[PDB]
Amino acid sequence: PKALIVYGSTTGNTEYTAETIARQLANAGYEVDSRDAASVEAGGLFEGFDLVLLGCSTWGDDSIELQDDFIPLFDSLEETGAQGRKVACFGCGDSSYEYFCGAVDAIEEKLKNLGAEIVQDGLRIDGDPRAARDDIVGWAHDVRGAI
Ligand SMILES: Cc1cc2nc3c(=O)[nH]c(=O)nc-3n(C[C@H](O)[C@H](O)[C@H](O)COP(=O)(O)O)c2cc1C
């Protein structure tokens, strides 16, 4: 079908992760449009995608702070056309720090009550994803059998 990926990556782990998801999708005979996020503007941004994939790294340590590029999107996730949209979420973190991938936890909270349809619990990556490469591949594959 037609899937979307918006991601926020500060050092690249979340980016690696997404392109891994994206090559696996496309390879599944999809249509995928992958974006960095910084170049996305809320304004009906999900509107025409079959599947939408949000994904978010986490910083702050003492509090949960969304990856810099992600905040504005997040703040306008209302203007996206989230309602009734098919969505899944994925992000990178460290089991260390208290709030282990809160950004993830937040983003979910808010499109489910935005009316979005969480098709699968999301990917919470501990450490280097290159080290959890097949685990994305498993998930990516899991989002595929949900819809
Ligand atoms: C100062 C600092 C704070 C961090 N806080 C968290 C955190 O609260 N939760 C988490 O899962 N990871 C935390 N991390 C680890 C990052 O999430 C990790 O670098 C992540 O894999 C980066 O993904 P990215 O390169 O797409 O931004 C923190 C890292 C630093 C340097």
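This deposited entry lists X-ray crystallography as its structure determination method and 2.0 Å as its resolution.

Student: Looking at this structure, how should I read the nonpolar core?
Tutor: Side chains of a nonpolar character, in soluble globular proteins, are inclined to be buried together. Core analysis: the largest hydrophobic core is formed by 41 residues, its most contacted members being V6 and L53. Going through the elements one at a time, β1 (2-6), α1 (13-26), β3 (51-54), β6 (86-93), α3 (102-112), β8 (123-126) and α4 (133-142) are the ones with two or more residues in this core. Ranked by residue count, the leading element in this core is β6, at five residues. Residues contacting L53, with those up to four places away along its chain left out, are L4, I5, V6, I21, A88, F90, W139 and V143.

Student: How do you make sense of the pairing of β6 when you look at a structure like this?
Tutor: Look at any regular strand and the pattern is simple: side chains alternate between the two faces of the sheet. The buried fraction of β6 amounts to seven of the eight residues, a majority that puts the element mostly inside the structure. As defined by bridge partners, β3 adjoins β6 across three bridges and the pair is classed as parallel. Residue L53 lies in a different strand from β6, and its bridge partner there is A88. Inspection of the sheet shows β6 paired to strand β7 (residues 117-118) by two bridges, in the parallel sense. Among the inter-strand pairings, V87 is bridged to a residue of β7, identified as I118. Handedness of the crossover joining β6 and β7 through α3: right-handed.

Each value, and the rule that gives it
- Residues numbered from 1 in each chain as written, not as in the entry; some residues may be left out.
- Heavy atoms only, no water.
- Core = buried A, V, L, I, M, F, W, Y, C linked by side-chain atoms within 4.5 Å.
- Buried < 20%, exposed > 50% of the residue type's maximum accessible area, 1.4 Å probe, protein only.
- Helix = DSSP H or I, 4+ residues; strand = E, 2+ residues; numbered from the N terminus.
- Contact = heavy atoms within 4.5 Å.
- Pairing = 2+ DSSP bridges.
- Right-handed = clockwise from strand over helix to strand, strands pointing away.

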